[PDB]
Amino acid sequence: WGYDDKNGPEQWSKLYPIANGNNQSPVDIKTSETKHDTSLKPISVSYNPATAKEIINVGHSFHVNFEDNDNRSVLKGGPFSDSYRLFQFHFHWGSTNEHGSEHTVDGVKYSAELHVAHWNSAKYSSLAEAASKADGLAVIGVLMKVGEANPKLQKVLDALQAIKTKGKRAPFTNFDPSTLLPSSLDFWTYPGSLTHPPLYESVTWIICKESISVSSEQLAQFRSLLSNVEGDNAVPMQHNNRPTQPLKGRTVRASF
């Protein structure tokens, strides 16, 4: 699977029927229709830089994995009663600065989007087990607006030269991804899914209202990553964001 014309988002329903489900992500957040929930507690993240493990080129994107054998790096608060264990973060981008984010706010598309994923370690004992549970995954989404260079992305960006082609991987250690989050953690939350196959509707989304910046050149670096295996003709990763999906009755709650 990928985002090309033949194997993109529009063709995912073929092997994954859940793609047309009632809890799919991403979605367009309409602020006039969100419901402020007074019960929503503040988002609390506490990550240990030592849990950073490695970075991998998966063909359609790349992601940074974290050791998730214990609760050294966790997420709490918000709409959760359980503690969620950090295990990965990655980005989504588009072919041009005009688009790239997965979620949209009042129809506005941003240039990219950061996803920090965690799994429910209070109820399950592994990502594999939690991945398909309705309450198994928690993912923070941060909209990235094209503008000033984001120094926080530096380490991530510098590591890409070692995993240029599909399947390459390299250690990525000593990094706390909470340093990538916006100053304010006011958020929107709704029940959704993974935005890439298998598309399980096991994700409780936490979308930050505040965006973070990224320069046009930094985005270029993402797009310069290759989706081909070493040796083949270079084929740049131009985009990997899935179109917004129907809310189908779901209510998007706001912590503010």
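A residue's number is simply how far along the shown sequence it sits, counting from 1.
Mean C-alpha B-factor is higher over 38-46 than over the other stretch, the pair under comparison being 187-195 and 38-46. Higher mean CA temperature factor between 143-151 and 109-117: 143-151, per the PDB entry. Between the residues 88, 81, 165, 104, the entry's highest C-alpha temperature factor is the one at 81. Going by the entry's values, 229 shows the largest Cα B-factor out of 229, 214, 64, 29. In this PDB entry, the Cα temperature factor of residue 133 sits in the top third of its chain's modelled residues, the highest group. Split the chain's modelled residues into thirds by C-alpha temperature factor. Residue 54 is in the middle one. Split the chain's modelled residues into thirds by C-alpha temperature factor. Residue 92 is in the lowest one. Annotation for residue 122: C-alpha temperature factor in the highest third relative to the rest of the modelled chain, per the entry. In this PDB entry, the Cα temperature factor of residue 179 sits in the bottom third of its chain's modelled residues, the lowest group.
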